[PDB]
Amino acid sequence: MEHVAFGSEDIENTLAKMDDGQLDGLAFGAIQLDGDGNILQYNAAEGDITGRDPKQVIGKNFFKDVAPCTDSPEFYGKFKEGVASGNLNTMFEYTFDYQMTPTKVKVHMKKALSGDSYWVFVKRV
């Protein structure tokens, strides 16, 4: 277990040091996206929540391919505003329901420390 709390003020500083293997030790789901929504990282906790195989979704587009239920003003719309603004920090509840049992989650999106990367953090509620 990597000891980082969901919603920590400086989470993007803490996660900047972690390889794929360390990300898999987190207590919550973590996805790293580029500015276009392509998945750069996807940890084991997230695969446990959603059923997706982490290695097979890297390189796919989260909003177009993997998670079409997030293609809406309430999720994707907030992401694209943050990318265009260069700043993003928002937390909200959502239901994941594509090809899965509908699962309610808390979502935290935050701009990463590195240039053109954005974190999506997920935990059950």
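In this text, residue numbers run from 1 along the sequence as written.
Asks: On mean C-alpha B-factor from the PDB entry, just flag whether 43-51 or 84-92 is the higher one.
Replies: The recorded data point to 84-92.
Asks: Decide which of the stretches 54-62 and 31-39 has the higher mean C-alpha B-factor, going by the entry.
Replies: Per the PDB record, 54-62.
Asks: Going by what the PDB entry lists, where does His3 fall on CA B-factor within its chain: lowest, middle or highest third?
Replies: Answer is highest: the recorded C-alpha B-factor places it there.
Asks: Among the modelled residues of this chain, does the Cα B factor of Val107 put it in the lowest, middle or highest third?
Replies: Lowest third.
Asks: Relative to the other modelled residues of the same chain, rank the CA B-factor of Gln99 and answer lowest, middle or highest third.
Replies: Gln99: CA B-factor falls in the highest third of its chain.
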